[PDB]
Amino acid sequence: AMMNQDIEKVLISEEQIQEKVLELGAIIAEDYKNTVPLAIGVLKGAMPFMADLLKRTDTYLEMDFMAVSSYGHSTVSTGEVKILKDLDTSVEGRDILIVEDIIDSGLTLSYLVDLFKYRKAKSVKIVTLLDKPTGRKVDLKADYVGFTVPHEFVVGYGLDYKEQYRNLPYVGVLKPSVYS
Amino acid sequence: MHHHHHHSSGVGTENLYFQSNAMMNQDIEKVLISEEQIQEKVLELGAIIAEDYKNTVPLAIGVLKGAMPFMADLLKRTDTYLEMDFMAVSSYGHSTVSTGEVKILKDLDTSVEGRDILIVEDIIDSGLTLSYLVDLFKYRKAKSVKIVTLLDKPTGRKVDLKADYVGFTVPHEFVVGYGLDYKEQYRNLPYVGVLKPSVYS
Amino acid sequence: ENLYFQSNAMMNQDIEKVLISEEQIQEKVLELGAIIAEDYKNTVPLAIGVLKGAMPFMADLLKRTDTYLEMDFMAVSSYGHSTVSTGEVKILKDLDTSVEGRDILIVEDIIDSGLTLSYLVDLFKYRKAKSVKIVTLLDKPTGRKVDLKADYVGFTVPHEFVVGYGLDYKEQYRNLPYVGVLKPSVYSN
Amino acid sequence: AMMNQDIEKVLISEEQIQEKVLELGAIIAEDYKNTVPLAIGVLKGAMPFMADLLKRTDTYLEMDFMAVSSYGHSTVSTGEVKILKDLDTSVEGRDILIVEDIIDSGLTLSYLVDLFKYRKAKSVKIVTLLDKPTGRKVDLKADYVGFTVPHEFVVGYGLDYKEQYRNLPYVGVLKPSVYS
Ligand SMILES: Nc1nc2c(ncn2[C@@H]2O[C@H](COP(=O)(O)O)[C@@H](O)[C@H]2O)c(=O)[nH]1
Ligand SMILES: Nc1nc2c(ncn2[C@@H]2O[C@H](COP(=O)(O)O)[C@@H](O)[C@H]2O)c(=O)[nH]1
Ligand SMILES: OC[C@H]1O[C@@](CO)(O[C@H]2O[C@H](CO)[C@@H](O)[C@H](O)[C@H]2O)[C@@H](O)[C@@H]1O
Ligand SMILES: OC[C@H]1O[C@@](CO)(O[C@H]2O[C@H](CO)[C@@H](O)[C@H](O)[C@H]2O)[C@@H](O)[C@@H]1O
Ligand SMILES: OC[C@H]1O[C@@](CO)(O[C@H]2O[C@H](CO)[C@@H](O)[C@H](O)[C@H]2O)[C@@H](O)[C@@H]1O
Ligand SMILES: [Mg+2]
Ligand SMILES: [Mg+2]
């Protein structure tokens with residue numbers, strides 16, 4: 001059994017992903033040409049996009065990562081999450097760029113954004129591969145967006161179903177029998 | 001003789017060499033706060049805190065490693081329903097020294113939102129790091145954040161931070177014992193002592 | 001959203017009986033501290049407590065151990081299948097120094113199945129500890145799922161659920177200065 | 001004022017890397033066709049290679065990451081490191097595939113490999129982008145290797161100099177003036 005056999009439809013092809021990442025990287029490269037920002041990804045979903053985005057971003061930058069976990073309901077309410085791994089370097093006075101795979105409710109990411117401002121970040125911006133604005137549970141707008149999607153039930157290029165499918169080179173929708 | 005090495009985040013290794021009959025007490029010039037004084041103080045503070053937190057189940061949090069002995073003795077003299085949690089942090093270097101911002105190595109196991117937080121500490125001096133943690137808990141929407149410290153050096157402050165409860169105000173002496181260390185040793189003393197100058201240079 | 005009612009409720013009202021009183025605990029902690037101090041005369045051990053329950057006992061025991069030593073702490077969490085059957089746990093907070101060449105003394109609240117503790121002991125051996133020993137306040141050896149004998153033990157207890165002195169029931173009671181048994185009416189799961 | 005200006009010479013081009021990654025991905029997809037392994041990346045340097053390698057690995061897999069920090073001398077002489085972020089799932093009985101940017105001394109990686117075997121891993125294999133066997137301080141052989149290199153003084157594609165240059169899409173050598 002092969003993975004493509006579980007995909008009902010490719011919603012965004014690899015070619016489309018590659019073209020958009022080239023575009024976003026040039027845009028971000030120009031916006032931060034002056035000062036080296038701290039590019040941060042939240043594990044695990046953001047990893048593939050961050051890697052390709054940053055490699056298409058011709059400007060000095062530092063990479064870092066955080067890992068967090070849910071606290072149950074305060075996470076599904078305020079976005080507060082337990083920090084499992086904090087950044088390797090200080091946030092104060094740095095220009096932060098959060099690299100995300102998808103923004104739906106926006107809760108956890110909003111929490112992290114305002115955490116970085118509490119930590120006195122010079123600025124905080126977000127670049128997300130996919131955005132789902134109809135999902136918002138807080139007011140949070142991404143500064144850079146690859147693709148605006150109608151729903152979050154997709155897999156690939158970082159997105160998983162039961163921890164699998166993150167490795168697909170495109171973004172697709174699963175066949176119903178896979179999850180039901 | 002005996003020796004070992006440990007990690008030190010301001011070097012990053014220290015090698016420690018001990019003589020077979022060296023004893024902690026001989027390194028102490030004088031006892032500053034005896035165990036008996038400490039027992040009496042935690043008894044008094046615990047009854048006070050038990051009264052102040054009578055209507056709520058607070059989350060008492062200790063900042064590892066130094067707060068552990070005081071937190072254990074204080075909480076067992078605090079006769080009220082409460083939960084315990086712990087945090088571990090790491091310095092970012094010159095930037096922690098000047099802002100208080102630290103790396104979270106171990107975050108709380110439960111959420112801060114809507115909780116009455118009681119932070120238990122061993123000593124407050126510059127107050128930078130503790131202040132960072134207090135306002136972190138407020139950013140996390142705690143209902144209230146209070147601090148109880150065994151020792152306070154309030155004129156050493158680099159930020160405004162008044163502890164809600166303090167065991168003893170300490171003057172001009174470098175102390176160890178009851179959680180406080182010198183190169184990771186002495187934390188296990190049951191009293192607070194003044195370390196002989198020859199030990200630290 | 002959350003409302004709390006304690007009224008003038010006190011924890012003692014929830015305790016059917018005090019199993020090990022504060023006085024009993026302090027006398028045994030003092031004896032243990034003296035034995036450990038003697039056993040560890042010739043070395044500076046790394047005493048490690050496993051959060052959260054071991055803390056009250058660790059504080060009192062080390063205060064009664066008159067010998068040079070370093071303290072450290074670890075935090076761990078379950079994986080759910082391999083933990084239940086092999087003791088493997090996720091490390092949430094590792095030690096702040098290396099284990100290589102150290103004499104490790106693991107301070108514990110109670111040992112029941114001993115699966116996680118066994119995992120940690122052998123982890124420390126893999127990390128090249130010079131020695132690994134265990135001191136536990138309580139021991140429930142009838143409950144074992146692996147062969148693991150503590151090197152130092154305070155009290156052997158039956159296979160019954162207890163609280164106090166670090167031990168909790170739904171995150172409460174850790175602050176009691178004794179080990180007690182809850183009234184049946186108290187535990188609604 | 002651009003990163004390329006700090007690069008004395010491209011050792012391994014983006015094109016050479018993309019071609020090698022395609023070849024490794026196919027080999028790995030084939031070797032692990034029967035069971036979904038746990039693909040683990042050690043932050044931070046392994047991230048770009050891991051993302052592009054797995055993307056070219058057409059088989060079911062789960063991704064995970066670890067974060068580690070030095071303890072000082074013990075790290076330097078035994079590879080023992082402080083775990084800052086452990087795996088999100090258990091190792092017992094899983095086939096582990098560690099993805100690395102470079103293996104030089106091999107000390108820490110050997111430590112993590114034998115840690116996974118202590119954790120009862122069904123098997124542990126390593127895929128590295130770069131290999132420098134002349135630099136070994138323990139006998140550790142990668143199962144899969146992108147390129148063998150004489151020395152480790154290189155940047156790009158995850159490899160850094162003072163936390164910068166990780167985002168270059170190729171592997172290069174810095175000009176002397178960059179590190180004085
Ligand atoms: N051991 C010891 N530490 C001190 C003393 N005075 C200040 N400190 C250090 O100051 C640290 C926290 O103080 P702050 O970050 O508020 O300045 C403590 O960890 C403590 O080690 C002292 O007299 N003895
Ligand atoms: N509160 C409480 N916890 C217990 C009791 N017995 C076992 N435990 C829990 O189980 C752990 C030891 O279980 P083991 O891993 O040895 O099977 C203890 O650290 C504690 O968390 C008990 O009687 N009371
Ligand atoms: O399934 C893709 C679907 O999305 C659309 C409409 O939302 O494209 C949207 O997102 C693009 C990404 O920026 C925009 O360029 C476009 O303007 C916007 O409509 C459709 O193209 C398509 O049906
Ligand atoms: O309320 C008593 C309580 O206050 C503390 C500070 O938290 O000490 C203050 O009050 C004492 C007398 O009431 C003074 O002697 C002391 O100098 C002052 O700081 C605690 O130590 C005490 O438990
Ligand atoms: O920069 C390439 C460099 O590597 C060498 C040896 O250092 O050859 C390596 O690369 C080959 C191409 O993948 C490998 O097949 C081979 O195993 C490895 O030795 C040199 O030829 C070259 O200068
Ligand atoms: Mg400070
Ligand atoms: Mg167990």
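Computation of the quantities below employed the complete heavy-atom set of this structure, encompassing side-chain atoms and omitting hydrogens, waters and symmetry-equivalent molecules. Convention: sequence-line order gives letters A, B, ...; per-chain numbering from 1. Counting starts at 1 for both ligands and their atoms, in listed order.
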Under a 3.5 Å threshold, I'd like every N/O contact between ligand 1 and protein atoms, with atom names and distance.
| residue | atom | partner | partner atom | Å |
| --- | --- | --- | --- | --- |
| ligand 1 | 1 (N) | B:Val175 | O | 3.1 |
| ligand 1 | 1 (N) | B:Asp181 | O | 3.0 |
| ligand 1 | 6 (N) | B:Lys153 | NZ | 3.2 |
| ligand 1 | 16 (O) | B:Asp125 | N | 3.0 |
| ligand 1 | 16 (O) | B:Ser126 | N | 3.2 |
| ligand 1 | 16 (O) | B:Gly127 | N | 2.8 |
| ligand 1 | 17 (O) | B:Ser126 | N | 2.8 |
| ligand 1 | 17 (O) | B:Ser126 | OG | 3.0 |
| ligand 1 | 23 (O) | B:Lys153 | NZ | 3.0 |
| ligand 1 | 23 (O) | B:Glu173 | O | 3.4 |
| ligand 1 | 23 (O) | B:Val175 | N | 3.0 |
| ligand 1 | 24 (N) | B:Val175 | O | 2.7 |

[X] with [Y]: basic N within carboxylate O range, under 4.0 Å:
| X | Y | result |
| --- | --- | --- |
| C:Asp96 | B:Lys65 | yes |
| B:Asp73 | C:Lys63 | yes |
| B:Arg187 | B:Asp122 | no |

D:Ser74 versus B:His7, side-chain donor and acceptor atoms under 3.5 Å | no
Report yes or no: do C:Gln172 and B:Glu83 form a side-chain donor-acceptor pair below 3.5 Å?
-> no
Where do B:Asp27 and B:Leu195 come nearest, in terms of heavy atoms and distance?
-> O-CD1, 3.5 Å
